[PDB]
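**Student:** Provide a 3D model corresponding to the input given below.
(chains A, B, C, D and E)
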Amino acid sequence: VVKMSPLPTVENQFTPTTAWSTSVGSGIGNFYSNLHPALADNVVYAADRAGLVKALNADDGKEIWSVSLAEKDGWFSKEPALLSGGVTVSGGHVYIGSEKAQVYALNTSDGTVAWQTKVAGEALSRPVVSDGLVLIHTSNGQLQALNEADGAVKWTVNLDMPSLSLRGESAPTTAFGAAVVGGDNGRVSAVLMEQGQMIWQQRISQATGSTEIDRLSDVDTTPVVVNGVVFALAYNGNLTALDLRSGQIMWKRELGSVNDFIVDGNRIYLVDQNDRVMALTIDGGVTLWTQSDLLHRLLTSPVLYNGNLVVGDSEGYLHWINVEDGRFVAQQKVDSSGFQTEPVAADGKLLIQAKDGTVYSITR
Amino acid sequence: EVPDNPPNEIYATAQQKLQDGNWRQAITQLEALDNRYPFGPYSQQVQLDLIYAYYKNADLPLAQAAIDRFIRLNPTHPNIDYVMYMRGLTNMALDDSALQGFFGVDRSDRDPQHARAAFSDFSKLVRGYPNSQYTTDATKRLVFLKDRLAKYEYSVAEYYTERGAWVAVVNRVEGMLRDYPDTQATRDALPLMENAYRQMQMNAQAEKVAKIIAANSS
Amino acid sequence: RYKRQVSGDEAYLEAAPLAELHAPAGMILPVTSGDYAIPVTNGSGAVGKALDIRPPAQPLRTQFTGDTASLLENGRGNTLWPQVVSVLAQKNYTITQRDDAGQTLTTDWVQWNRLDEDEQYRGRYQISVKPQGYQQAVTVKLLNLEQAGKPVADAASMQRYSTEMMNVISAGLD
Amino acid sequence: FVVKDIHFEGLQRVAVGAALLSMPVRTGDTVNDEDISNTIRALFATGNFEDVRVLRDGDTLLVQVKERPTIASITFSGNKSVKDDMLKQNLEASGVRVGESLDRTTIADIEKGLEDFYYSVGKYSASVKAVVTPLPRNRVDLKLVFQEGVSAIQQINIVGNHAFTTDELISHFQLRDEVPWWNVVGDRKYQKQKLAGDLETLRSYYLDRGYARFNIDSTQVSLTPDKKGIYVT
Amino acid sequence: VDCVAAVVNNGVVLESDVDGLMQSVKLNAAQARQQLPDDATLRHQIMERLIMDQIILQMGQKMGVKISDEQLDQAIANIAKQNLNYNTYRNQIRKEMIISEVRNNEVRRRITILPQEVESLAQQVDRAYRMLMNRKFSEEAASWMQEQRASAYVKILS
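**Tutor:** Numbers count the residues shown, from 1 in each chain, chains lettered A, B, ... in the order given. Take a look:
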């Protein structure tokens, strides 16, 4: 066995505490997915692997409704469901997906199902909704469009699977009348939702090696658009800002090597697989600063909060990093379960979920 | 376990103690010397001593591997007659020696394989370089191996005659006389052919081969 | 003896020599396959234990052409003759019967090589002449009659070893 | 220009006559001063040499040439999943064995091949490293370092099916995701050929029960972004 | 005098040939106003150019690509009106043209084009289709040369 596990030291300036813990209990466990509770209008929504979904009231975690999703369609009527789709909510509906290639559209406060529809390929993507249609990306290379009225599969547009690959297929981002998604071979592809057509794509991932077996070299992260420009990261690197007009690249930065990043709208903060948190400018492409105290410690996506950036860990300890050159503002021993999800920060509230700790919220 | 010192002394000691006959310690020294001096001025002499040691130390298969390494290493050497004769001798020695040798049991009706291989090797040698020093004893070995193979085929034909499958005997003895017409085995196998023809109700050929006996009454 | 002989399974010598099979008139024996065929071959070769099994000595332009040892390309080739004198006696209790200095023309004396293998004193004579053909002053040693245990013998194996002892001496020391 | 005597620094394989056969320049009379480059190209294209530098200071073609060094032995450490024997026959069969030359193209080839074999084993935290040790008399010896940390199977699903439960299918697969506490019957490593055989078993299970219109639309392996967990669908 | 510089795959670099091409190109670069730096970066650029065209040579030879003397005659006939030893010039031109031809072959083997971005660029400003083709060729060539630059097996001896 080989691995280096440095310990971030105990530096403190603030003393925040956990807001509460509804403690759903069995969450995801040893499995891996992209789940994260979705909050809107002072109400949060969380889900369980077995098929349990809870609608809690925010700022206290008070339970409103909670329904199981036992597979009544199955022979036993209570078979395991294996939900892995991201928790999303819009309009009067809340959308979830399962590892068994099934998408659920509920009706929020009611707790029942608005409609159930089948999807070709396992749902391993964060569901997104816009222009009266929902995008679902499966672990077979297909993106599909659905109608929030009732299903109405618009298309099943496949892209590729290069045999061996990695999970967490990217959730497309939509703007300017077009939705762009990543790809398991680097062809970051844009689609017009009017007819689901393939307009433009280009290779992003650089694999300058002898064989492509070890060179996975795929992009499975959500892009972001600013103005005629989008940002994406491949596993092997290839940070780039590329034009919305067509497949053109203004500039390239071969560091990349992240499966989930975030942008401040002015600057970009990202976490390499070696835990190297890098800060970047949109135009100059300069590495503003770094903090590599952690050595491939399996961190999570970063989120801005009170001016500092929030980082979890499989050790289950909350961490802050300073916007000023990168420092250890504070460390919180929130629990000991472990953390894998993407934290969410809105309405002056930071929520993050754990394998067994489940619903955790912060208080200053 | 071995002295990493200049080569002159290790060669000298190697030939000196092979001259003694200390094969158990000579093989290791020679193989280490060869593996650490792959292209010495006279590595051919090293390989030949390795052949000698392996044969005399009764490690025949590795000796065979060394033979077929040397033949491809330099198919044109002014001493290849010795190597070919050593290969044939290795085959023959591997073939027939056991408790039957003490008991004098006739090793005829045993598995030939190695006998055929040895015959082929010796024949290739003798037809290659008749002016060499290893032809006379080679020719005697050819004669002996031919007799052995003929006796083996005669024995199997005799067993089939004992059973009563009076066709396969015809084919086997026909192959014998086509291949081995100048040996004692056919000389006493012809009556088996006559008996098979007589029992086969096709005597039109029987007396025919009987005339063969008429030419070798002695 | 377990030293210089083939395995003791030598009863194959007294096998019956092959005799041909007559073909009567009126029919013909089938054509011989010829795969197992032996042609007529010469004799005058030692057989059985009398036959020698020893690795022929590969000489060290390392000349190996049997009766000759003409190795060769040094500008100071004439200085090799006093080196040969140093080899004789001084280095190995040897002596050249008639060796001129400049001419590099010498005649070897009857030596005695007791290199085990029950090989008694072997008296090898030779002529030491240094030619310069196709190169600078070359080394050459044309051996002559050898005695060994017997009064005389001319087997090319023992002759090859007898010339090769001087050959390996010369190669090793220079 | 014109040359009379020709010599070379190669003795391990360069036979002067064979070396002369290797160069068609005839080693004599006038030459065009540039076809020597093409002749040298031919010499090196024989593949038995490493470098050459012609010296025309005097009047002999005493070309300094160096061939491929021979390997003294084969040494290695680090591997424990597979016994070192099959590794040494893997090296031997590929074309490299004790006593012959060295070819660095084969060094890269065998490096990638052993990485591929480890990926087949499922040990993706593997990096074979080659250590070259030059030795006098133009020898070389190669050491191998194998830092294999740990392999992963963690998920199997049969998505697409509707008439059979997943577990009963899992009861037939050679490869198992996990086995309960009161038994040690099965391990948890990933072998691709095992997956292929498992697919054959699944296909036979469906076809022999009447479902003739059946095939395998698509099978996907997947790796977690830690190189510590593999799933199959 | 004559040495060997480097060896990539089965190709070899010669100081004689590279010095010849340097003295052939630097005289023209004198009036071309190409500010070549000292032999450090000059060495870098010359060695990279050499390894690119020679690896194209060995890849083509492995893949079995040939050109006949008729195409060489066509090329030299064109170059007669377009603008050592004549046969040597023929040889060098043949190798460079076959290098370019194999480059085009591989690029076409790994290029892509969709008749669905043509309308957007046509309405934004058939020549623009040629501009698209040019940009795709440039990006494909750059990507391929960088990805085979290190993936190829190269050793440096000088």
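**Student:** Okay, and the one residue sitting closest to the centre of chain E sits in which element?
**Tutor:** Centroid-nearest residue in chain E, with C-alpha atoms, centre = their mean: residue E:53, separated by 5.1 Å. Residue E:53 belongs to helix E:39-63 when elements are defined using DSSP states H and E.
**Student:** Tell me which other helices or strands that helix touches.
**Tutor:** With contacts defined as 3 or more C-beta pairs under 8 Å, 6 or more residues apart in numbering or on different chains; DSSP states H and E, helix E:39-63 has these neighbours: strand E:4-8, strand E:11-14, helix E:15-32, helix E:86-110, helix E:127-151. Placement of C-beta: from N, CA and C, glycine included.
**Student:** Just the C-alphas of the helix or strand following that helix, formatted as CSV.
**Tutor:** As assigned by DSSP H and E, the chain's next helix or strand after helix E:39-63 is helix E:69-82. Below are the C-alpha coordinates for helix E:69-82, written out as CSV (Å, rounded to 0.1, in the frame of the first residue of the first chain):
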residue,chain,number,x,y,z
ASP,E,69,9.6,8.3,-60.0
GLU,E,70,6.7,9.6,-62.1
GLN,E,71,5.4,11.7,-59.2
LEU,E,72,8.9,12.9,-58.6
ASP,E,73,9.1,13.9,-62.2
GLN,E,74,5.8,15.7,-61.9
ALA,E,75,7.0,17.6,-58.8
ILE,E,76,10.3,18.6,-60.3
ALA,E,77,8.6,19.7,-63.5
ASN,E,78,6.3,21.9,-61.4
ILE,E,79,9.3,23.3,-59.5
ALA,E,80,11.1,24.0,-62.7
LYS,E,81,8.7,26.9,-63.4
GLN,E,82,8.0,27.4,-59.6
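**Student:** hang on, the earlier thing: enumerate every residue touching the residue nearest to the centre of chain E.
**Tutor:** When contacts are counted by C-beta atoms under 8 Å, 6 or more residues apart in numbering or on different chains, residue E:53 touches E:95-96, E:99.
**Student:** Now tabulate these in CSV and tack on neighbour count.
**Tutor:** Output for these, formatted as CSV (neighbours: other C-beta atoms under 10 Å in any protein chain shown):
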residue, neighbour count
E:95, 16
E:96, 13
E:99, 19
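**Student:** Just give me the neighbour total for the nearest residue to residue D:164 once chain neighbours are set aside.
**Tutor:** Nearest-residue entry for residue D:164: residue D:158, 7.5 Å, with adjacent residues in sequence omitted and distances by C-beta to C-beta, 6 or more residues apart in numbering or on different chains. Using other C-beta atoms under 10 Å in any protein chain shown, residue D:158 has 17 neighbouring residues.
**Student:** Residue D:158 reaches residue D:169, doesn't it?
**Tutor:** Yes - using C-beta atoms under 8 Å, residue D:158 is in contact with residue D:169, at 5.3 Å.
**Student:** list residues touching both of these two?
**Tutor:** Counting by C-beta under 8 Å, 6+ apart, the residues touching both residue D:158 and residue D:169 are residue D:202.
**Student:** now the residue of chain A at minimum distance from chain E: how far from residue A:248?
**Tutor:** Ranked by C-beta to the nearest C-beta, the top residue of chain A for proximity to chain E is residue A:208, at 4.5 Å. Separation of residue A:208 from residue A:248 (C-beta to C-beta, to the nearest Å): 22 Å.
**Student:** ok, now residue B:136?
**Tutor:** Relative to residue A:248, residue B:136 is positioned 89 Å away (C-beta to C-beta).
**Student:** Then residue E:90?
**Tutor:** Plainly put, residue E:90 is 41 Å away from residue A:248 if you go by C-beta to C-beta.
**Student:** do the same with residue A:351
**Tutor:** For residue A:351, the distance to residue A:248 (C-beta to C-beta) stands at 38 Å.
**Student:** Which residue of those two possesses the greater neighbour count?
**Tutor:** Each of residue A:351 and residue A:248 has its neighbours counted (other C-beta under 10 Å); residue A:351 has more, 24 against 13.
**Student:** any idea which element that one lies in?
**Tutor:** Applying DSSP H and E as the criterion places residue A:351 in strand A:349-352.
**Student:** Restrict the next helix or strand after that strand to CA atoms and write it as CSV.
**Tutor:** Next along the chain after strand A:349-352, taking DSSP H and E as the criterion, comes strand A:360-363. Provided in CSV are the C-alpha atoms of strand A:360-363 (Å, rounded to 0.1, in the frame of the first residue of the first chain):
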residue,chain,number,x,y,z
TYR,A,360,-25.2,18.9,8.2
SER,A,361,-25.5,22.7,8.2
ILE,A,362,-23.1,25.4,9.4
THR,A,363,-23.5,28.2,11.9
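**Student:** Show residues contacting strand A:360-363.
**Tutor:** With C-beta under 8 Å, 6+ apart as the test, strand A:360-363 has contacts from A:16-21, A:61, A:305, A:318, A:334-335, A:349-354.
**Student:** Now the phi/psi pair for the residue of the stretch 101-250 of chain A found nearest chain B, please.
**Tutor:** Chain B sits closest to residue A:210 of the stretch 101-250 of chain A, with a gap of 31.0 Å, by C-beta to the nearest C-beta. Here is the backbone geometry of residue A:210 (degrees, to the nearest 10): phi -70, psi -50.
**Student:** what number of residues lie near it?
**Tutor:** Neighbours of residue A:210 under the rule other C-beta under 10 Å: 17.
**Student:** And the residue lying closest to it once chain neighbours are set aside, how far from residue E:7?
**Tutor:** If the residues on either side of it in the chain are set aside, residue A:210 comes closest to residue D:112, at 4.9 Å by C-beta to C-beta, 6+ apart. Distance, residue D:112 to residue E:7, using C-beta to C-beta: 20 Å.
**Student:** Please identify which of the two sits among more neighbours.
**Tutor:** More neighbours surround residue E:7 than the other of residue D:112 and residue E:7, with 20 against 16 (other C-beta under 10 Å).
**Student:** what's the closest non-adjacent residue to the residue of chain B found nearest chain A?
**Tutor:** Nearest residue of chain B to chain A: residue B:38, at 31.0 Å (C-beta to the nearest C-beta). Take residue B:38 and drop its neighbours on the chain: the residue closest to it by C-beta to C-beta, 6+ apart is residue D:70, 5.7 Å away.
**Student:** the helices in the chain, which residues?
**Tutor:** Assuming you mean chain A. Under the criterion DSSP state H, chain A carries no helices.
**Student:** Hmm, no, I was thinking of chain D.
**Tutor:** Secondary structure of chain D by DSSP H: the helices cover D:16-22, D:35-45, D:84-94, D:104-121, D:166-170, D:192-207.
**Student:** what packs against the strand holding residue A:351?
**Tutor:** Helices and strands touching strand A:349-352, as assessed by 3+ C-beta pairs under 8 Å, 6+ apart, comprise strand A:344-346, strand A:360-363.
**Student:** who's in contact with the closest residue to residue B:107 other than its chain neighbours?
**Tutor:** Using C-beta to C-beta, 6+ apart and skipping the chain neighbours, the partner closest in space to residue B:107 is residue B:96 (4.7 Å). Contact analysis of residue B:96 by C-beta under 8 Å, 6+ apart lists B:107, B:110, B:114-115, C:9.
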